[PDB]
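Pasted below: data_36.cif, mmCIF, C-alpha atoms.
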data_protein
#
loop_
_atom_site.group_PDB
_atom_site.id
_atom_site.type_symbol
_atom_site.label_atom_id
_atom_site.label_comp_id
_atom_site.auth_asym_id
_atom_site.auth_seq_id
_atom_site.Cartn_x
_atom_site.Cartn_y
_atom_site.Cartn_z
ATOM 1 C CA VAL A 4 -10.843 149.237 -44.577
ATOM 2 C CA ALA A 5 -10.968 145.637 -43.509
ATOM 3 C CA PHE A 6 -13.053 143.644 -41.071
ATOM 4 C CA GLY A 7 -10.988 142.980 -37.983
ATOM 5 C CA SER A 8 -8.442 145.714 -38.547
ATOM 6 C CA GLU A 9 -6.457 146.584 -35.433
ATOM 7 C CA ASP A 10 -7.459 150.239 -35.510
ATOM 8 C CA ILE A 11 -10.848 149.942 -37.169
ATOM 9 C CA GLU A 12 -12.418 152.267 -34.599
ATOM 10 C CA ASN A 13 -10.058 155.071 -35.646
ATOM 11 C CA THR A 14 -11.086 154.815 -39.258
ATOM 12 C CA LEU A 15 -14.745 154.595 -38.592
ATOM 13 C CA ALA A 16 -14.681 157.555 -36.183
ATOM 14 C CA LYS A 17 -13.979 159.695 -39.260
ATOM 15 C CA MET A 18 -16.868 158.385 -41.359
ATOM 16 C CA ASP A 19 -20.248 159.808 -42.382
ATOM 17 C CA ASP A 20 -23.384 157.754 -43.203
ATOM 18 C CA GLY A 21 -22.431 157.297 -46.856
ATOM 19 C CA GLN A 22 -18.899 156.218 -45.988
ATOM 20 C CA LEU A 23 -20.252 153.809 -43.395
ATOM 21 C CA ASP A 24 -22.610 152.494 -46.081
ATOM 22 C CA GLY A 25 -19.595 151.870 -48.325
ATOM 23 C CA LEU A 26 -17.992 149.361 -45.961
ATOM 24 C CA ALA A 27 -17.494 145.769 -47.067
ATOM 25 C CA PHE A 28 -18.969 144.509 -43.767
ATOM 26 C CA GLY A 29 -21.968 145.228 -41.600
ATOM 27 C CA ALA A 30 -21.423 147.894 -38.973
ATOM 28 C CA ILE A 31 -23.733 148.726 -36.062
ATOM 29 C CA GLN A 32 -23.007 151.302 -33.370
ATOM 30 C CA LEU A 33 -24.691 150.772 -29.999
ATOM 31 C CA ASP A 34 -24.796 152.770 -26.784
ATOM 32 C CA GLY A 35 -23.962 150.979 -23.549
ATOM 33 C CA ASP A 36 -27.586 149.904 -23.145
ATOM 34 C CA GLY A 37 -27.707 148.377 -26.608
ATOM 35 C CA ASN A 38 -29.733 151.093 -28.365
ATOM 36 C CA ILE A 39 -28.865 151.427 -32.030
ATOM 37 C CA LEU A 40 -27.030 154.647 -32.948
ATOM 38 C CA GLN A 41 -25.848 153.699 -36.461
ATOM 39 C CA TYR A 42 -26.640 150.796 -38.779
ATOM 40 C CA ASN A 43 -25.128 150.537 -42.248
ATOM 41 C CA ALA A 44 -26.350 149.367 -45.615
ATOM 42 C CA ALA A 45 -24.119 146.291 -45.615
ATOM 43 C CA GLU A 46 -25.734 145.086 -42.390
ATOM 44 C CA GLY A 47 -29.197 145.517 -43.832
ATOM 45 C CA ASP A 48 -28.094 143.444 -46.835
ATOM 46 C CA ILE A 49 -27.349 140.549 -44.472
ATOM 47 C CA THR A 50 -30.376 140.830 -42.226
ATOM 48 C CA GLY A 51 -33.147 142.393 -44.286
ATOM 49 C CA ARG A 52 -33.655 145.238 -41.800
ATOM 50 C CA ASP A 53 -34.105 148.713 -43.197
ATOM 51 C CA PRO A 54 -31.228 150.718 -41.674
ATOM 52 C CA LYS A 55 -33.352 153.827 -41.475
ATOM 53 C CA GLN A 56 -35.996 152.231 -39.278
ATOM 54 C CA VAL A 57 -33.860 150.307 -36.781
ATOM 55 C CA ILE A 58 -32.141 153.453 -35.453
ATOM 56 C CA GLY A 59 -33.177 153.949 -31.828
ATOM 57 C CA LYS A 60 -34.376 150.410 -31.235
ATOM 58 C CA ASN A 61 -32.888 148.096 -28.703
ATOM 59 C CA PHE A 62 -30.652 145.564 -30.366
ATOM 60 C CA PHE A 63 -30.701 142.869 -27.669
ATOM 61 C CA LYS A 64 -34.336 143.123 -26.641
ATOM 62 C CA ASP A 65 -36.166 143.805 -29.867
ATOM 63 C CA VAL A 66 -34.079 143.569 -33.043
ATOM 64 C CA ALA A 67 -31.770 140.630 -32.421
ATOM 65 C CA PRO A 68 -33.182 138.382 -29.669
ATOM 66 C CA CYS A 69 -30.979 135.517 -30.806
ATOM 67 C CA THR A 70 -27.985 137.568 -29.611
ATOM 68 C CA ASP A 71 -29.419 137.804 -26.094
ATOM 69 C CA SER A 72 -27.107 135.133 -24.714
ATOM 70 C CA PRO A 73 -23.901 134.934 -22.675
ATOM 71 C CA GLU A 74 -21.986 134.318 -25.910
ATOM 72 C CA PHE A 75 -22.967 137.678 -27.472
ATOM 73 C CA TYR A 76 -24.883 140.104 -25.211
ATOM 74 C CA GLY A 77 -22.963 138.778 -22.176
ATOM 75 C CA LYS A 78 -19.617 139.565 -23.906
ATOM 76 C CA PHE A 79 -20.999 143.024 -24.824
ATOM 77 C CA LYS A 80 -22.033 143.864 -21.250
ATOM 78 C CA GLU A 81 -18.693 142.587 -19.941
ATOM 79 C CA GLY A 82 -16.786 144.850 -22.297
ATOM 80 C CA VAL A 83 -18.906 147.906 -21.657
ATOM 81 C CA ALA A 84 -18.252 147.465 -17.926
ATOM 82 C CA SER A 85 -14.577 146.603 -18.099
ATOM 83 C CA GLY A 86 -13.978 149.352 -20.664
ATOM 84 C CA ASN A 87 -11.884 147.223 -23.077
ATOM 85 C CA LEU A 88 -14.392 145.640 -25.499
ATOM 86 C CA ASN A 89 -12.552 143.944 -28.353
ATOM 87 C CA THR A 90 -13.693 140.427 -29.149
ATOM 88 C CA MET A 91 -14.349 138.240 -32.161
ATOM 89 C CA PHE A 92 -16.548 135.167 -32.489
ATOM 90 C CA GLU A 93 -18.783 133.175 -34.822
ATOM 91 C CA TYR A 94 -22.536 133.334 -34.486
ATOM 92 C CA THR A 95 -25.761 132.466 -36.288
ATOM 93 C CA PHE A 96 -28.456 135.078 -36.935
ATOM 94 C CA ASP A 97 -31.911 133.504 -37.312
ATOM 95 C CA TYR A 98 -34.682 135.795 -36.081
ATOM 96 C CA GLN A 99 -37.056 136.749 -38.869
ATOM 97 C CA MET A 100 -34.375 135.866 -41.415
ATOM 98 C CA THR A 101 -32.963 132.759 -43.067
ATOM 99 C CA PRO A 102 -30.466 131.358 -40.569
ATOM 100 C CA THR A 103 -27.153 132.979 -41.520
ATOM 101 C CA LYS A 104 -23.683 132.144 -40.206
ATOM 102 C CA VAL A 105 -21.580 135.216 -39.472
ATOM 103 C CA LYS A 106 -18.364 136.358 -37.822
ATOM 104 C CA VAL A 107 -18.805 139.168 -35.317
ATOM 105 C CA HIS A 108 -16.241 141.665 -34.058
ATOM 106 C CA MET A 109 -17.297 143.903 -31.163
ATOM 107 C CA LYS A 110 -15.048 146.858 -30.399
ATOM 108 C CA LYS A 111 -15.323 149.952 -28.253
ATOM 109 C CA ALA A 112 -15.664 153.109 -30.331
ATOM 110 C CA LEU A 113 -12.747 155.456 -30.165
ATOM 111 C CA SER A 117 -20.352 153.742 -27.780
ATOM 112 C CA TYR A 118 -19.649 150.278 -29.048
ATOM 113 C CA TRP A 119 -19.337 148.787 -32.534
ATOM 114 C CA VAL A 120 -20.731 145.476 -33.675
ATOM 115 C CA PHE A 121 -19.202 144.433 -36.989
ATOM 116 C CA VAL A 122 -20.575 141.509 -38.989
ATOM 117 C CA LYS A 123 -19.556 139.588 -42.078
ATOM 118 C CA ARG A 124 -20.898 136.439 -43.683
ATOM 119 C CA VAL A 125 -18.998 133.173 -43.306
#
Kindly transcribe the structure held in the file into structure tokens.
Amino acid sequence: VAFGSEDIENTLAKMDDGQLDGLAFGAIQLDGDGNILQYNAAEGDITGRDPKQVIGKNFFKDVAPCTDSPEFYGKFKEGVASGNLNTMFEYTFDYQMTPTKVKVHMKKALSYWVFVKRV
């Protein structure tokens, strides 16, 4: 299934760890506070983070400080509160990694998904 699909959250609701690892794009599931619930292999291939050891950490505070901005975290908090998170934007990831341009799609789970692909 494809990055940015209209019903991506339906598909991914059905998936186990291995299936999530099979996705063509990075996929992170966060709680409303930004704690990491799921993190797939494709994401780790972009960021050099071991998916097994980031589970439970806080994405915005600890893992991904560069995303702590109105343009990313602010859009996340707005969507958690309004209940209708579904937004796509370009971003650069550059904390403890080579600076890497990405496209991000955040979407409420059918918990909140952050999907990532290289650009």
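Take CA of residue 9 in chain A and CA of residue 44 in chain A: the distance between them is 22.5 Å.
Across the model, the gap from CA of residue 27 in chain A to CA of residue 77 in chain A is 26.4 Å.
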Evaluate the PyMOL selection byres ((chain A and resi 64) around 12) here and jot the selected residues down as a ChimeraX atom specification. /A:36-39,60-63,65-72,76,98
Write out as a VMD selection string the residues lying within 10 Å of residue 99 in chain A, counting all atoms listed in the file and excluding same-chain residues fewer than 2 positions away. chain A and resid 50 to 52 66 to 67 96 to 97 101 to 102
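Note that CA of residue 94 in chain A and CA of residue 15 in chain A are 23.0 Å apart.
Proximity of A:53, A:81, A:74, A:46 to residue 24 in chain A, computed with all atoms listed in the file, is greatest for A:46.
Comparing the minimum interatomic distances between residue 90 in chain A and each of A:13, A:49, A:43, A:120, counting all atoms listed in the file, we find that A:120 sits nearest.
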Ref. answer, residues at most 8 Å from (-21.2, 136.1, -38.8) with only C-alpha atoms, as a ChimeraX atom specification: /A:92-96,103-107,122-125
Writer output for current selection, C-alpha atoms, as a JSON list (two decimals), in the coordinates of the input:
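Just written: out14.json:
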[["chain", "number", "residue", "atom", "x", "y", "z"],
["A", 92, "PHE", "CA", -16.55, 135.17, -32.49],
["A", 93, "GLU", "CA", -18.78, 133.18, -34.82],
["A", 94, "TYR", "CA", -22.54, 133.33, -34.49],
["A", 95, "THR", "CA", -25.76, 132.47, -36.29],
["A", 96, "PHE", "CA", -28.46, 135.08, -36.94],
["A", 103, "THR", "CA", -27.15, 132.98, -41.52],
["A", 104, "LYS", "CA", -23.68, 132.14, -40.21],
["A", 105, "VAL", "CA", -21.58, 135.22, -39.47],
["A", 106, "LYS", "CA", -18.36, 136.36, -37.82],
["A", 107, "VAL", "CA", -18.80, 139.17, -35.32],
["A", 122, "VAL", "CA", -20.58, 141.51, -38.99],
["A", 123, "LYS", "CA", -19.56, 139.59, -42.08],
["A", 124, "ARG", "CA", -20.90, 136.44, -43.68],
["A", 125, "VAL", "CA", -19.00, 133.17, -43.31]]
Draw an axis-aligned box over all listed atoms of range 80-99 of chain A, pad each side with 8 Å, and write its centre and edge lengths in Å, one decimal, as lines of an AutoDock Vina configuration file.
center_x = -24.5
center_y = 140.9
center_z = -28.4
size_x = 41.2
size_y = 32.9
size_z = 36.9
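Distance check against residue 113 in chain A using only C-alpha atoms: of A:12, A:23, A:85, A:33, the minimum falls on A:12.
Distances to residue 112 in chain A were evaluated for A:100, A:88, A:58, A:18 using only C-alpha atoms, and the minimum falls at A:88.
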All residues 9 Å or closer to residue 11 in chain A, all atoms listed in the file, same chain fewer than 6 positions away omitted, as a ChimeraX atom specification: /A:4-5,110,112
9 Å contact set for residue 89 in chain A, all atoms listed in the file, chain neighbours under 5 positions out, as a VMD selection string: chain A and resid 82 108 to 111
Explicit residue set for the PyMOL selection byres ((chain A and resi 31) around 6), as number ranges by chain: A: 30, 32, 41-42, 119-120
